[PDB]
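Novice: Enclosed are the sequence and the experimentally obtained structure.
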Amino acid sequence: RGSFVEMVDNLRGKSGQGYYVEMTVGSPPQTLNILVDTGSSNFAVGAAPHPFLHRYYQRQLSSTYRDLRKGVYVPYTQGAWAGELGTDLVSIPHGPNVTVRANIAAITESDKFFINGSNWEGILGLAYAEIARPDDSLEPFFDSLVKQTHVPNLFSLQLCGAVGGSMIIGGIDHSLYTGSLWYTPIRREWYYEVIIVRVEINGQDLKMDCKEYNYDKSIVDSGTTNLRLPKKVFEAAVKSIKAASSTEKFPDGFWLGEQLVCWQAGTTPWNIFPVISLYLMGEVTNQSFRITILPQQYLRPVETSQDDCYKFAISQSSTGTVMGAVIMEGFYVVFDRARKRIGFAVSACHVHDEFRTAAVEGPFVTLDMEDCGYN
Ligand SMILES: C[C@@H](NC(=O)c1cc(C(=O)N[C@@H](Cc2ccccc2)[C@H](O)CNC2CC2)cc(N(C)S(C)(=O)=O)c1)c1ccccc1
Ligand SMILES: [Cl-]
Ligand SMILES: [Cl-]
Ligand SMILES: [Cl-]
Ligand SMILES: [Cl-]
Ligand SMILES: [Cl-]
Ligand SMILES: [Cl-]
Ligand SMILES: [Cl-]
Ligand SMILES: [Cl-]
């Protein structure tokens, strides 16, 4: 068995409402289910009763909790919460064998943040300090782990869609992928920002200037469900996806996520929808690689038991490209913070059919990639 076996299958998800890991806080121990989010940088836990929460953090019962005498408020693209800052002992029982004192926000009120039936009770922001609230002086959890212990500065995510997966902390487990890992640079340590240099649908280049694909940033975000694309890119990609799936027409609201379409259980005609490839900047000058997803990744099930209903989960953004769970469920993704790069390989758990699989291929030659990023 590989050396990281005890961290394999440490994530769960309930009906596609977010992937979470168990974390144990305080003394004596309180274990809670915590959503894994590479799109933010605060660690925060429900800390008062809420109708969607089975468990919450009870600070008064932890003798090692320290109050930082400061409130915090975090708004996201979806939802927001407010709470109080402090520190406490934190361990991940199916994660690294260490315990660290970390900052923790105890959430006392929230709006449209917790999700009914999702089973998670807090959020682990794995991005960098630049985007933490109240500001970049509040050390994020992964920074605490690497400063206090000798766990290598890397983690990897395998999100397994329809729900579970693995977060390997401090290394890479070779059982979780097939083929080779291909790396793209982290452009700047704030979000996990990357540069997309070409987009194809069904093998056809969308032929927009690459500056449009990264206006004003492109990021890898396990806390967002969809692949979210800037306005001009979203409109062009939908027109091309429609053109490539013209054996059937679907109501316009389906491509806006407003309508669902359902098929008799097990009969969804995946072949009528195209594959979608993103090319990413590689590690050598003028070299790129591509990651390709299937409709099984970008059509998401919505849970009669004899019907399989789906929502189209590519959507519009006014804040750049967000490579959310629709992209990450195709791949084993290695967040190699020590070497400032993100690795992709085909996931051993990605959903596919007998005709097509997700892919990571390269190298391709793409010139002037340094022009694609926003400044
Ligand atoms: C949890 C759930 N996420 C969602 O349902 C979901 C969450 C967000 C969202 O704002 N997520 C937050 C974390 C955050 C986490 C939980 C609650 C609130 C905010 C993340 O830090 C945002 N990162 C910002 C840099 C973009 C945004 C969206 N969209 C706008 S969408 C419809 O285009 O996908 C959906 C989910 C479901 C399945 C797979 C992954 C995530
Ligand atoms: Cl909202
Ligand atoms: Cl402290
Ligand atoms: Cl360990
Ligand atoms: Cl330790
Ligand atoms: Cl390793
Ligand atoms: Cl037009
Ligand atoms: Cl939306
Ligand atoms: Cl070129």
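Specialist: Now that the structure is in, tell me what you want to look at. Residues are numbered from 1 along each chain as shown. Ligands and ions are numbered 1, 2, ... in the order given.
Novice: What is the end-to-end distance of stretch 338-358?
Specialist: Stretch 338-358 has an end-to-end distance of 27 Å (CA to CA, to the nearest Å).
Novice: Give me the phi and psi angles of the closest residue to ligand 6 within the stretch 101-250 of the chain.
Specialist: Nearest to ligand 6 in the stretch 101-250 of the chain, going by CB to the ion, is residue 171, at a distance of 3.0 Å. Using the backbone N, CA and C atoms, a C-beta is placed for each residue, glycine as well. Per-residue torsions, residue 171: phi 180, psi -170 (degrees, to the nearest 10).
Novice: quick one, helices of the chain?
Specialist: 141-148, 210-213, 231-244, 252-255, 295-298, 325-328 (DSSP state H).
Novice: and those helices, which is most packed in?
Specialist: A comparison of the helices of the chain by mean neighbour count, using mean count of other CB atoms under 10 Å, puts helix 325-328 on top with a mean of 25.
Novice: now for that helix, which elements pack on it?
Specialist: With contacts taken as 3 or more CB pairs under 8 Å, 6 or more residues apart in numbering; DSSP states H and E, helix 325-328 sits against strand 155-160, strand 287-293, helix 295-298.
Novice: Could you report the distance from the closest residue to residue 295 other than its chain neighbours to residue 247?
Specialist: Once flanking residues are discounted, residue 295 sits nearest to residue 273: 3.8 Å by CB to CB, 6 or more residues apart in numbering. Remark: distance between residue 273 and residue 247 (CB to CB, to the nearest Å) = 10 Å.
Novice: of the two, who's got more company?
Specialist: For residue 273 versus residue 247, the count of surrounding residues by other CB atoms under 10 Å is larger for residue 273: 21 against 9.
Novice: residue contacts, residue 217?
Specialist: Listed by CB atoms under 8 Å, 6 or more residues apart in numbering, the contact partners of residue 217 are 191, 193, 319, 320, 321, 374.
Novice: Would you show me how to pick out the buried ones of those in ChimeraX?
Specialist: This is how ChimeraX selects the buried members of the contacts of residue 217, with burial counted by 16 or more other CB atoms under 10 Å:
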select :191,193,320,321
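Novice: ok, the contacts of residue 217 vs ligand 2, which is closest?
Specialist: Proximity of these to ligand 2 (CB to the ion) peaks at residue 319, which lies at 13.8 Å.
Novice: Check the gap between the residue of the stretch 101-250 of the chain closest to ligand 6 and residue 326 for me.
Specialist: Noted for residue 171: a distance of 26 Å to residue 326, by CB to CB.
Novice: Same question for residue 279.
Specialist: Going from residue 279 to residue 326 by CB to CB gives 17 Å.
Novice: near ligand 9, which residues of this structure show up?
Specialist: 366, 367 (CB under 5 Å from the ion).
Novice: Nearest residue to the middle of the chain?
Specialist: Nearest to the centroid of the C-alpha atoms of the chain, with distances taken as CA atoms, centre = their mean, sits residue 222, at 1.2 Å.
Novice: So that residue sits against residue 327, correct?
Specialist: No - contact between residue 222 and residue 327 fails when scored by CB atoms under 8 Å: they sit 9.8 Å apart.
Novice: Go back to the contacts of residue 217 and keep what's next to ligand 1.
Specialist: Counting by CB under 6 Å from any ligand atom, the subset of those that neighbours ligand 1 consists of residue 191.
Novice: and the gap between the nearest residue to residue 284 once chain neighbours are set aside and residue 176?
Specialist: Distance criterion CB to CB, 6+ apart; nearest residue to residue 284, sequence neighbours excluded, is residue 363 at 7.6 Å. Residue 363 is 23 Å from residue 176, where distance means CB to CB.
Novice: Show me what the spatially closest residue to residue 213 that is not a sequence neighbour bridges to in the sheet.
Specialist: The shortest distance from residue 213 to any residue other than its chain neighbours is 4.3 Å, reached at residue 196 (CB to CB, 6+ apart). Note on residue 196: beta-bridge partners by DSSP bridges are residue 280.
Novice: Perfect, that will be all.
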